[PDB]
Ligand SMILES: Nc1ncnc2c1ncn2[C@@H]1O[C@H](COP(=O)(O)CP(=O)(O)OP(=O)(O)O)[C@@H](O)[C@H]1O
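First, one chain by itself: the form deposited without the ligand, in structure tokens.
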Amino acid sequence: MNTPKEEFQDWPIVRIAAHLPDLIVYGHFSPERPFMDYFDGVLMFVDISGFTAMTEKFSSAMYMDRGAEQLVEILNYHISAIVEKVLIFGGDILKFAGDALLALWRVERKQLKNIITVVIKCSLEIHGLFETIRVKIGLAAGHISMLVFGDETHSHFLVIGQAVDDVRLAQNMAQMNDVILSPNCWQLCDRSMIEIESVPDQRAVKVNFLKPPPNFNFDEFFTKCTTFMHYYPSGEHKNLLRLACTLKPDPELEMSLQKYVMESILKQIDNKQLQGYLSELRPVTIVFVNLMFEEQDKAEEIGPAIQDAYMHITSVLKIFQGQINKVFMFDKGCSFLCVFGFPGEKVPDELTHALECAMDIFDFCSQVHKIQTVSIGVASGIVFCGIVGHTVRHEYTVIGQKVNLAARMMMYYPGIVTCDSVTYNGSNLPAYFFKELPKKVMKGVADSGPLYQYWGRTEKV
């Protein structure tokens, strides 16, 4: 009796799970919104802005109308390598976003110390890929909250808390090729493994060297650390980068997981759209919404507020097929990256509509309990869209100078709706609906062009 080999199982549920972390795939939590949960872990934030800064290079005429295709190929080639390192070291890639990848090693409290060693080694081996288009790494550790929000058809998640705030602060201190540890990470780590130095005006530290004790053996140590890693591929599945590659059809699980993935990605997954259709340089309008809270580390306070904001945003976006591309925590606040124009969702008057939707969002969110400040940046132009990452772990992402610009406008012009010159000029709304703003030098931004506040239709706000 023959024994044929199992076939490569490429079911829709597997393909959906490539777009999600294990935190969600194996999360099994209530469908109630908001949902909050609490754990401990180590975070790694890998600043890949040096790669995504290539969007400019690839809009050159030199690329003969295949800039987007070339961009996605070269980005994925480098980002894949980072993803593989994270996964082989036992990490969960949470999100690709804010010109960064964020990864998590969730463990019980007692194991944070040893897991920090693992993550430092991983970090150093990531830097190792690119010796000779480099990255900066921040590490944090400690208490982490998770929030899941959404409605009956769509779900989003966020991780929150001081360790999350810390990991971005750490990464912002890093220079290229650095690994920076948060103060708490440094307090919790195995100091015998590493040589550090002080970072001026900061309690964060820089790892100069991982130099373990004489009798240390990393592979044996790692094996010990895998006892605490629930989903590390093992046994018959030790050849797989993710256990999620083994997922079998389960309609109730797939119904829950598809809520995290945009409809046009699901169309591709279902082989009802060409696999290359979403890689494009396309004109869009970015509406970047920032919500600041009194206290942004307290999920129990900020979770209902985000949920209420989300319900309104989604209703407003529905009317114009705008989409939410990403939600993430910034140093200050919860940010929604909304896009008007992307998977063939491109209505005419996208600009006047974008500004009107921004104002609606601004007015509603400003009256939500516990939301202290709302800030919205609106920028329009060519952006790269595509599925970025590894075959086994990837996400649809939008990258470009106008993305960056809308993000910086919402941070440098807080409490108002701002727009760029493309949007202002294109809108053909009357000019007294705007205010011309002072020029600010914004980290990452070369020549803003004139920026404007969208004051709105009436003098008396």
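Sequential numbering from 1, following the sequence displayed.
Just so it is clear, the following notes concern the form deposited with the ligand bound, a form of the same protein that is not shown.
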Can you tell me whether the pocket in this form is open or blocked when the ligand is overlaid from where it sits in the deposited complex, based on ligand atoms within 2.4 Å of backbone or C-beta (3 or more = blocked)? blocked
Among 310, 340, 260, 328, which has at least one heavy atom within 4.5 Å of the ligand in the deposited complex? 328
Within 4.5 Å of the ligand in the deposited complex, counting heavy atoms only, one of 31-39, 430-438, 49-57, 414-422 shows up; tell me which. 49-57
Give a yes/no on whether residue 136 approaches the ligand to within 4.5 Å in the deposited complex, heavy atoms considered. yes
Does the 4.5 Å heavy atom contact test between residue 389 and the ligand in the deposited complex come out positive? no
Is there a heavy atom of residue 444 lying 4.5 Å or less from a heavy atom of the ligand in the deposited complex? yes
Proximity of residue 98 to the ligand in the deposited complex, heavy atoms at 4.5 Å: yes
What are the residues of 374-403, in order along the chain, with a heavy atom within 4.5 Å of the ligand in the deposited complex? 397, 398, 403
